[PDB]
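S.K.: Chains as they are written, first to last, in full-length UniProt numbering: chain A, 4 to 345; chain B, 3 to 347; chain C, 2 to 151; chain D, 4 to 152; chain E, 6 to 262, 285 to 339.
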Amino acid sequence: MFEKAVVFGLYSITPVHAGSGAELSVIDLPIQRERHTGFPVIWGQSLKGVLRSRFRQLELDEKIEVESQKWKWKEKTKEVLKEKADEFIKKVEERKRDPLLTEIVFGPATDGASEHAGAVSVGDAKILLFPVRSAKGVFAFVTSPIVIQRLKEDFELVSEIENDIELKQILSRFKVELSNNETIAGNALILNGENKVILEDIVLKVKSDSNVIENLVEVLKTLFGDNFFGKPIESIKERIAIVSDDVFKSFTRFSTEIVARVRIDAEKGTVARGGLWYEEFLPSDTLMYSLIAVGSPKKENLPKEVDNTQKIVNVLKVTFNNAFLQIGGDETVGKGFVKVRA
Amino acid sequence: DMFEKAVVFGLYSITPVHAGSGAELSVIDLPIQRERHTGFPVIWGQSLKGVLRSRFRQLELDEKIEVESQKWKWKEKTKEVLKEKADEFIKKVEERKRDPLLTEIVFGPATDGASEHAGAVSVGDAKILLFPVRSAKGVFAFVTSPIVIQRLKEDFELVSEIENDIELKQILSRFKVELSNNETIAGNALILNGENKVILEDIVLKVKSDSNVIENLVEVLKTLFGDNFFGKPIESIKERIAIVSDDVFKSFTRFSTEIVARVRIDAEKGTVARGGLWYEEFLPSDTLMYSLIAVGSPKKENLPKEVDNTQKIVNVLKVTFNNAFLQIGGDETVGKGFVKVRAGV
Amino acid sequence: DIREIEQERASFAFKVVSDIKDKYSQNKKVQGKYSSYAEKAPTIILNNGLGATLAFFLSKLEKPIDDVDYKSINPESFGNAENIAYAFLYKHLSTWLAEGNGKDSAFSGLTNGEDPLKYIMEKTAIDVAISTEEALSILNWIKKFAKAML
Amino acid sequence: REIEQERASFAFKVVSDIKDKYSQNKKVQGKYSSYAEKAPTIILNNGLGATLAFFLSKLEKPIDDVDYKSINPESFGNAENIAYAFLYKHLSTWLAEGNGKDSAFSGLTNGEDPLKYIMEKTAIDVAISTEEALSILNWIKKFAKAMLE
Amino acid sequence: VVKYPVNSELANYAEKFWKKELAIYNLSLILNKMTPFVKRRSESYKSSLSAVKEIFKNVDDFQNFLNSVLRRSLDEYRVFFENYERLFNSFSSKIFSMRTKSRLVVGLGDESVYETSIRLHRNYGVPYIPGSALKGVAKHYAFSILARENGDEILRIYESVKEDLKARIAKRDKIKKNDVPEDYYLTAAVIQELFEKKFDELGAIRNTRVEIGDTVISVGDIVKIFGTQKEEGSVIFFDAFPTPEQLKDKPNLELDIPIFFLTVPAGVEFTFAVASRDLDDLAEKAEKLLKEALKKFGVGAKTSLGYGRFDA
DNA sequence: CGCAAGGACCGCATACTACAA
């Protein structure tokens, strides 16, 4: 199925730490990666969980603009389920089940996991842009041809859903290959000397094929609105660098933030037993995308307001657009705040 | 998610600050916390949370916390809430095993009962806002950068989203600066008497002619921190503000910080102990710092009737920490790391 | 085929420091003075500026500060141990800031074969700041190796 | 898991060898245990080359040239010097040859001096050497803390 | 020849200002960045303070220029002082004010292009006394008074530490272990080591009451006030800032000798403060100890030659 | 007329699969 697709773009306002599994190796709590390549990633389970929680919390306040009507959980449930609805309302009061809209879209709760599946699917969020310190200029966005390759693959997958031939052609228009150390750099990052763009601890050579970079910016303008998540897109167009695969992988491993944290005793004035530990944080301004898919709503006796893939897609688009999300652990210490552009 | 109200905390250093970041092998033996990609100084939210919780617990233990114009006694109030188990909680608290009732409710449970429930505050990072830089004509300008303004606009958008009030977005919507690599939107006071030039540190550069920007900035400060920038009249700040490009701004935060050569002289020889020579790095005094604190609904079961709504918690924190003096970073006894805090909305 | 500047920094620092031990093995005073100067330079750089420190080095070498040619300063010319150490330190710093590890190496200096003092004289602030950063890093590495071996 | 067993055996062997020297002297045992514990922190902050340079510097001798071989830890005078020479010897040995030709891990440096290897190689070699040093240090921390006094 | 090693435009700007033609207010900015290299005839371009004085018309002229530049920031210094006093009062800290018996110099050894430098404030340029120096001189004076009176008991109680210190001194001095004399300096070193890592056994001698000023302070009180490695101290040593009123008329800096350096003249007022972080009332004893230390030993380099003495 | 950090503490405690088929 999955007759409709919405691309979600995330911008990290603050450093984000999505907790990995067992805390092994030298670093205590590392970010989630993939052994297959080594790049950072966010598994779809956490994304679906946070989206479901936000959706349910919004629905409980009757702030969800269901076709600009502010659908009421109790009223809609009574209209749909009729006689038994009241009983379900009690289950909603006990925080056992969930209101009608979120149950229909994201699937039911644990105790009722035998009626219908979830009408949505949330893919893993993959990196697309990585901040990196630079000598001239500051804070250069970086990316690699493999990322663009995966992006083209995702576009092709979308085309198998909505027949977006123009998007496929636009993606196929871009084809670059930096060999070992040369980079495609914007005008700002270029050192005042002859080429020689210096990223972190590496000195590179610029390559004069910047049109491709421009095309990439166009793709962004095609995908995530006009302003680049609240900034002038052309402003970011001056600070984009494309580098080889191995260099990008090296950046995605030895440039995440590393932080040491301690606990202070009540009155001793110094650390205590089991107080010192380490954490790894994904840098701010990291751009990561995903792929949300929607198929046929499998819920029984769905409401007339939301009874087609187009309706669900519109609801998701309006509810999540320039909104804000809390992602991962370390919430109370200001970590995980992101801006979502659909 | 669960937050409904927010407060913008402003920090004004009166003494050099030093937030430790471990020890390196570079020229500076005790550097400061910085974001990796940008390279600008920063204070993480964890240190702020720890300091605030410590101060709150200290004030509650001495029964000096005044919620709704009344002291929140640790033993008396917790007796009503915990009911039968209050005796166990009181003894455990006295044994420094768990934090008092109010601290536990606000800043979340203590280390022993970490799996009980969650907190209600989300104190965030402290991004730089105004870097004090020595100037040739005039004294001690408040340099800032367009990146800082953009980040500030983002935080204001987040605050307006939490509060559902577009006034903040409207106020910040006018911010749009495009300063070049050698031009500053300087205030009148800092302007050198000459060809409209400013000598900041080792950089001399022409002054772009623009208006209705600096004033806007000052207006923002008047929105949250009352009318006095940490006590001083806002007019001097308005006349003493400069804005420069990202490159020079970063160049300033890398070579315009205090550097000290502390030692430890041994008694026997009277000159210096073996290996007693190192350099410490400090943020300068009069640095303007800002951070965001978000407040959600309390999660502890059977909470006291005084603290049930996020509004009450916000009022409590605003009353407690407004115009107070706090300690941040290391060398507390040596005399470094004292700041003045201001709240707002 | 890609080496970060860290590899070239250590390679360069090892080259010069080892070049002192074999040259002036018997002159322990020269080695000690060179080590002390390498320890003390970064604070001067951080306190005054790269141009100030370079001019100071020239002043201790009784040479005019307006026209310089690091490629024309034989360290063996100076007679005093302090003077010889200062000449060696200045030559190493200027050579790194001009040619880096080498033209073949990944890093090839910053001034592109220009006297660093003149480069600071006739460039904008950003170039001076980046050159200062590079000088700080190489001074750190040279101090490390000099303390380790000298 | 063969590499894991190799690392565990090597860590036990080196910790036992440290136990043999100055077994009664809790000064050398105590200093070495703290030295192994605090070592991985440096590597994260400053990289492998900087940590190796620091280890070379803390030794109190002319230390002419650079040799992972030689530099007998017993020849060092101060107890701290002996412990640091031991730590450097063990780490360099593991990175150079591991446990031997027939071992599962023959060492990434092909028997070459780790510092010289870092000085004249590519970036990826430095990366893998760094990761391997981190892993062996992680094992050595536990094994030295467990039994050494 | 006053050629400057700074890019040409700032070079000419600094040249214009240096000959009393402009009014640059940050004295630290003038001294540190735009340094006037002097290339007097038959000599290379030196940078010592002597050449700088030779650049000005006379030593008095240079002193007047420096005093004027320092005094130009009076309003900002006053506002900062008001804030600082508000902070002192907010933390419930005891504050007092002394004066310099003679010339003062703090941080003479700080490395700069000039052979000498002073710990001048970054934002304003007024000299000041860091709190670390206060804490250090207080601890050193407490050690001296404890060792002078109860020397024998301290030397006898910690015999093993005394032997270890003697061995270390003999090794460092390349002398015999027995050759070390048990003078007052050895006692001071032993006490310093006692307050170091080996601070657990100090509780054995935690009964002597040193008569500081007119009050008896126990060694346990010393540990509770100054702080140890395993417990933070309860007394904060703020910094010292000269009162702006004195700077209004009386000059705040002076030259002192062809090797010259800047020092604070005698009679200059300085206000000090001390707080009690915890409920311990050791603030009064700490204040008395600091006052006695300033009166007797003083703070500042070259303290042997009368520098740094403080009267009441 | 030279001197050149050094040790403490180095993830704790809790959760540790449920219901259908």
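A virtual CB, placed ideally from N, CA and C, is assigned to each residue, including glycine.
Strictly under 8 Å for the Cβ-Cβ distance: is residue 253(B) near chain C by that measure?
M.R.: By 1-based counting over the second sequence, the position of residue 253(B) is 251. So yes, residue 253(B) belongs to the interface.
S.K.: Taking C-beta to C-beta, are residue 135(B) and residue 145(B) nearer than 8 Å?
M.R.: As a working note, residue 135(B) is residue 133 in the second sequence. As a working note, residue 145(B) is residue 143 in the second sequence. For residue 135(B) and residue 145(B), yes; Cβs fall inside 8 Å.
S.K.: Output yes or no for whether 8 Å exceeds the beta carbon distance between residue 127(B) and residue 15(B).
M.R.: Working through the second sequence from its first residue, we reach residue 127(B) at position 125. Working through the second sequence from its first residue, we reach residue 15(B) at position 13. Taking 8 Å as the Cβ cut-off, residue 127(B) and residue 15(B) do not qualify as a contacting pair.
S.K.: Closer than 9 Å, Cβ to any Cβ of chain C: which residues of the region 109 to 139 of chain E, in chain order?
M.R.: Those residues of the region 109 to 139 of chain E that come within reach of chain C (Cβ to Cβ, closer than 9 Å) are 115, 116, 117, 118, 122.
S.K.: Consider the Cβ of residue 18(E): report whether some Cβ of chain C lies at a distance smaller than 8 Å.
M.R.: Stepping through the fifth sequence from its first residue, residue 18(E) is reached at position 13. Cβ-Cβ to chain C under 8 Å: no for residue 18(E).
S.K.: Distance cutoff 8 Å, beta carbons only. Does residue 273(A) sit that close to anything in chain E?
M.R.: Taking the first residue of the first sequence as 1, we reach residue 273(A) at position 270. Closer than 8 Å to some Cβ of chain E, the Cβ of residue 273(A) qualifies, so yes.
S.K.: Using the C-alpha atoms, what's the distance from residue 203(B) back to residue 251(B)?
M.R.: Within the second sequence, numbered from 1, the residue matching residue 251(B) stands at position 249. Within the second sequence, numbered from 1, the residue matching residue 203(B) stands at position 201. Rounded to the nearest angstrom, the two C-alpha atoms are 11 Å apart.
S.K.: Check for me: the beta strand (DSSP E) holding residue 234(E) runs from which residue to which?
M.R.: Locating residue 234(E) in the fifth sequence gives position 229, counting from the first residue. Note, residue 234(E): premise wrong, no beta strand (DSSP E); not H, not E.
S.K.: Under 8 Å, with one C-beta from each stretch per pair, do the region 248 to 264 of chain B and the region 273 to 289 of chain B reach the 3-pair mark?
M.R.: Yes, the region 248 to 264 of chain B touches the region 273 to 289 of chain B.
S.K.: First and last residue of the alpha helix (DSSP H) that includes residue 172(A)?
M.R.: Counting from 1 along the first sequence, the entry for residue 172(A) is found at position 169. That run of the alpha helix (DSSP H) goes 168 to 175.
S.K.: Identify the continuous beta strand (DSSP E) that holds residue 34(A) and give its terminal residues.
M.R.: Counting from one through the first sequence, the residue named residue 34(A) turns up at place 31. Taken as a continuous stretch (DSSP letters only), residue 34(A) belongs to no beta strand (DSSP E), as it is neither H nor E.
S.K.: Using a Cβ-Cβ distance under 8 Å, would residue 29(A) count as near chain D?
M.R.: The sequence position of residue 29(A) within the first sequence is 26, counting from 1. At least one chain D Cβ lies under 8 Å of residue 29(A).
S.K.: Among 53(B), 43(B), 44(B), whose alpha-carbon lies nearest the alpha-carbon of residue 265(A)?
M.R.: Counting from 1 along the first sequence, the entry for residue 265(A) is found at position 262. Closest by alpha carbon: 53(B).
S.K.: On the DSSP letters alone, give me the boundaries of the beta strand (DSSP E) that residue 328(B) sits inside.
M.R.: On the second sequence, position 326 is the one that residue 328(B) refers to. Run containing residue 328(B): 326 to 329, per the beta strand (DSSP E) assignment.
S.K.: Which residues of the region 83 to 109 of chain B have a Cβ closer than 7 Å to any Cβ of chain A? Give them in chain order.
M.R.: So the list reads 98, given in the order they occur along the chain.
S.K.: For residue 261(B), which residues in chain C fall below 8 Å Cβ to Cβ?
M.R.: Counting from 1 along the second sequence, the entry for residue 261(B) is found at position 259. In chain order: 44, 47, 48.
S.K.: Is the CB-CB distance between residue 201(B) and residue 138(B) below 8 Å?
M.R.: As a working mapping, residue 201(B) is identified with position 199 in the second sequence. As a working mapping, residue 138(B) is identified with position 136 in the second sequence. Yes. Within cutoff.
S.K.: Can you give me the Cβ contacts of residue 220(A) inside the same chain, cut-off strictly under 6 Å, excluding the 5 residues immediately before and after it?
M.R.: Taking the first sequence and counting its residues from 1, the one referred to as residue 220(A) is at position 217. The answer, listed in chain order, is 240.
S.K.: Counting contacts by CB-CB distance shorter than 8 Å, is residue 6(C) in contact with chain A?
M.R.: To locate residue 6(C), count along the third sequence from 1; it is residue 5. Taking Cβ atoms only, chain A reaches closer than 8 Å to residue 6(C), which makes this a yes.
S.K.: Take the Cβ of residue 114(B) as the centre, count every other Cβ of all protein chains shown within 10 Å, and call the residue buried at 16 or more, exposed below.
M.R.: Position 112 of the second sequence, counting from 1, holds the residue named residue 114(B). By the 10 Å Cβ count, residue 114(B) comes out exposed.
S.K.: Buried or exposed: which applies to residue 313(E), given that a residue is buried once 16 or more other Cβ atoms fall within 10 Å of its Cβ?
M.R.: Reading the fifth sequence from its first residue, position 286 is the one you call residue 313(E). Counting Cβ neighbours within 10 Å, residue 313(E) comes out buried, since at least 16 surround it.
S.K.: Taking the alpha carbon of residue 133(A) as the point to measure from, which residue in 33(A), 43(A), 279(A) has its own alpha carbon closest?
M.R.: Translated into positions along the first sequence, residue 133(A) becomes position 130. Taking only the C-alpha atoms, the option nearest residue 133(A) is 43(A).
S.K.: State whether the region 242 to 254 of chain E contacts the region 133 to 141 of chain E, with contact taken as three or more CB pairs (one from each stretch) at a distance under 8 Å.
M.R.: Result yes; three or more Cβ-Cβ pairs closer than 8 Å.
S.K.: Can you name the residues of chain C whose CB is closer than 7 Å to the CB of residue 60(D)?
M.R.: Residue 60(D) sits at position 57 when you count from the first residue of the fourth sequence. Result: 145, 148, 149.
S.K.: For residue 257(B), go through chain C and note every residue whose CB falls closer than 8 Å to its CB, in chain order.
M.R.: Taking the first residue of the second sequence as position 1, residue 257(B) is located at position 255. Here the neighbours are 47, 130, 133.
S.K.: So, for residue 148(E): in the same chain, excluding its five sequence neighbours on each side, which residues have a beta-carbon less than 7 Å away from its beta-carbon?
M.R.: Counting from 1 along the fifth sequence, the entry for residue 148(E) is found at position 143. Closer than 7 Å at Cβ, skipping near neighbours: 193, 196, 197.
S.K.: Of all the CB atoms in chain C, is at least one closer than 8 Å to the CB of residue 248(A)?
M.R.: By 1-based counting over the first sequence, the position of residue 248(A) is 245. Answer no: the Cβ-Cβ gap between residue 248(A) and chain C never drops below 8 Å.
S.K.: Compute the distance between the beta-carbons of residue 226(C) and residue 18(C), then report whether it is under 8 Å.
M.R.: Outside the displayed range of chain C (2 to 151) lies residue 226(C), so it cannot be described from this structure.
S.K.: Scan the region 127 to 166 of chain A and note each continuous beta strand (DSSP E) run of 3 residues or more that stays entirely inside, going in chain order.
M.R.: Fully enclosed beta strand (DSSP E) runs of 3 or longer: 128 to 135, 143 to 146.
S.K.: Considering only the alpha carbon of each residue, which of 234(A), 216(A), 142(A) lies closest to residue 175(B)?
M.R.: Indexing the second sequence from 1 puts residue 175(B) at position 173. That would be 234(A), whose Cα lies nearest to the Cα of residue 175(B).
S.K.: With a cut-off of 8 Å on the beta carbons, I'd call residue 242(A) and residue 278(A) a contact; round off their distance for me.
M.R.: Within the first sequence, numbered from 1, the residue matching residue 242(A) stands at position 239. Within the first sequence, numbered from 1, the residue matching residue 278(A) stands at position 275. Not a contact, Cβ separation roughly 40 Å.
S.K.: Would you list the residues sitting across from residue 343(A) in a DSSP beta bridge?
M.R.: The sequence position of residue 343(A) within the first sequence is 340, counting from 1. Bridge partners of residue 343(A): 13(A), 326(A).
S.K.: Let me see if you follow: with CB-CB separation under 8 Å, is residue 22(B) close to chain E or not?
M.R.: As a working note, residue 22(B) is residue 20 in the second sequence. Not an interface residue.
S.K.: List the residues that DSSP assigns as beta-bridge partners of residue 188(A).
M.R.: In the first sequence, residue 188(A) corresponds to position 185, counting from 1. In DSSP, residue 188(A) forms a bridge with 244(A).
S.K.: On the DSSP bridge list, what partners appear for residue 104(E)?
M.R.: As a working mapping, residue 104(E) is identified with position 99 in the fifth sequence. Looking at the DSSP assignment, residue 104(E) forms a beta bridge with 296(E), 338(E).
S.K.: Rounding to the nearest angstrom, what Cα-Cα distance links residue 268(B) and residue 7(B) in this structure?
M.R.: Here residue 268(B) corresponds to residue number 266 of the second sequence, with the count starting at 1. Here residue 7(B) corresponds to residue number 5 of the second sequence, with the count starting at 1. Roughly 54 Å between the two C-alpha positions.
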